[PDB]
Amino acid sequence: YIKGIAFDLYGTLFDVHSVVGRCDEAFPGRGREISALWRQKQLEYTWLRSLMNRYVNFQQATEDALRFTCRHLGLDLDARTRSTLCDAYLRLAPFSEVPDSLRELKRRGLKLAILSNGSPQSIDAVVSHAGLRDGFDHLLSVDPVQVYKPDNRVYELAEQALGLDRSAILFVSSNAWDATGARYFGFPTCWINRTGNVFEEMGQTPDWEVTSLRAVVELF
C-alpha cells in the first residue's frame, strides 16, 4: 500500500534535547528551563501566527520564541548569545536508530521525504550536518505555502512532491498533534512514542504506535 514516507524533523528524527547543553553553558542551571519554554513558544507562535494570517519564517519564530523565554525568566540575552544558541538547532543530533533505520528503509525502495516547519535553510543544515542528506528524496519546507501545520495546505505539498496519493504515503511523527492533523487529512499514521506519552484528545488515533524508527522498518 505504502510507497512513500513523510517524516517530521524536530523530535522525530533529530533530538531537540541537543540544545539543552548549549543553553545551559550560557545560563548555568537554567539550561533545561530555557529549552522547555523555547519549544513550547516556537510551536505556539507558528500556530497563532498562522491563525492570525501573519506569517514569518521559522528562523524568525525560533528567534522570537527565545527572546520571550529569556525575558520571561529574567535572563539577559545579548545579541551574540542569541545567534549561537539559535545556531544550535542547525546542528541537532539524530536518535541512535535513525541513521541505520533510514538506510534499510531506502534499501526497500520506498520514497523518503521530510515535511518540516523549518526553513529549507534549516532543514538542509541539520540533515547535511548529520550526513543524512544522501538518504532523503525530498526536503519539504512549509515556507512556500506561507502557513504552518496542522494546516492542510502543508500536508498537500507532501502529496504533490512525492507524486503519490496520501493513501500511499505513511506519515511518521513524534508530535501527536501533527499525527492528528495528518490522519484527518488522510495519511496512514505512525506515532513514534519513545517517552511513553499519551495521545492528544482531539478525536483521532494513529494507525500505528511504536517506540522507535526500528519498528517502522519492520512494518515492511
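Residue numbers run from 1 along the displayed sequence.
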Should the higher mean CA B-factor in the entry be assigned to 76-84 or to 95-103?
76-84
Of 153-161 and 43-51, which one has the bigger average CA B-factor?
153-161
Residue with highest C-alpha B-factor in the PDB entry, from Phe27, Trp177, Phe185, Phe68
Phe27
Can you tell me whether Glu33 has a C-alpha B-factor in the lowest, middle or highest third compared with the other modelled residues of the same chain?
highest
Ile123, C-alpha B-factor rank within chain (lowest, middle or highest third)
middle
If you rank the chain by CA B-factor, which third does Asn197 end up in: lowest, middle or highest?
middle
On the chain's distribution of Cα B-factors, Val20 falls within the third called highest
Of the three thirds of Cα B-factor ranks in this chain, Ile2 occupies the middle
